[PDB]
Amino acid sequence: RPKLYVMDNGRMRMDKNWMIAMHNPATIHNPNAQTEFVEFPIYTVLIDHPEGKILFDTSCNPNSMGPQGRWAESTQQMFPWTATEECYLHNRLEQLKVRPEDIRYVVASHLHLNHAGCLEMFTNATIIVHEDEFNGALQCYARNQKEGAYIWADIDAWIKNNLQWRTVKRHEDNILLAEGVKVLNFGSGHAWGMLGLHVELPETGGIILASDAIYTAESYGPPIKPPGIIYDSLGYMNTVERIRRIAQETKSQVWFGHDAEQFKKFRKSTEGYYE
């Protein structure tokens, strides 16, 4: 029935402490302990479904980086994005003969700069987003916040391009978007409102797209190693355990948001898909 594509939208580097909070604490013997600037993948997932094309996340906007970049300079320096034109989502989709207009549904895991970058392209889609995440980003916008993980120029484009939103309510149940495609309401954790996907593929089986609910296998453990980027510590911990339970009960794989190792092993859109 359906085909699932992993599209490579480039790499980003940041302080490991953002990814694993307090990963290497200072000691009497190492009072000025150093961190690392680690690299991690940015990716999106296309589910080419007979009921319609579903896109999970949208990576970064092409005009994110550089002197004329939408991203503030501090942001560009703390979370630099490296991507070839081939890695841009529009191009990755073009290489699959998919036009933005062909996307029925976009699922925004959250509205961070490296997941909601290209929402603006999908003007014929219904954008599914957690209401608290939406609200939180709209406040960043309204208060003219220019630094941080919510890109003002990105949100501006969303509104100017008249996107069609479908917010997931705080206590809303999981949404069946299509046969074998369920939107999981993880709620507050890494961000204000986290959404995930459960995909049931005829051949591959079950897949949980966790996005930044779980950064990496190191995050996942056990035991859980929480991130530095976190809004609701408790919601985060609960979400990870919930994902772990869903995986074991549905015998599903868990695809982390930003795990280099796991990504290396993924079959990307230049080699094929998952059925």
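Sequential numbering from 1, following the sequence displayed.
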Task: Mean C-alpha B-factor comparison - 128-136 and 169-177, higher one - done: 169-177
- [ ] Would you tell me which stretch averages the higher CA B-factor in the PDB entry, 64-72 or 48-56?
- [x] 64-72
- [ ] Choose from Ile28, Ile208, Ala213, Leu234 the residue with the greatest Cα B-factor as stated in the PDB record.
- [x] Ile28
Open item on the list: Using only the C-alpha B-factors in the record, can you name which of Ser188, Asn185, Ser109, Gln145 has the highest?
Closed with: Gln145
Task: Among modelled residues of the same chain, the CA temperature factor third for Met78 - done: highest
Task: Chain-wide C-alpha B factor ranking for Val98, given as lowest, middle or highest third - done: highest
Task: Chain-wide C-alpha B factor ranking for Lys3, given as lowest, middle or highest third - done: middle
Open item on the list: For the chain shown, is the CA B-factor of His115 in the lowest, middle or highest third of its modelled residues?
Closed with: lowest
Open item on the list: Per the entry's values, where does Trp18 land by CA temperature factor relative to the rest of its chain, in the lowest, middle or highest third?
Closed with: highest
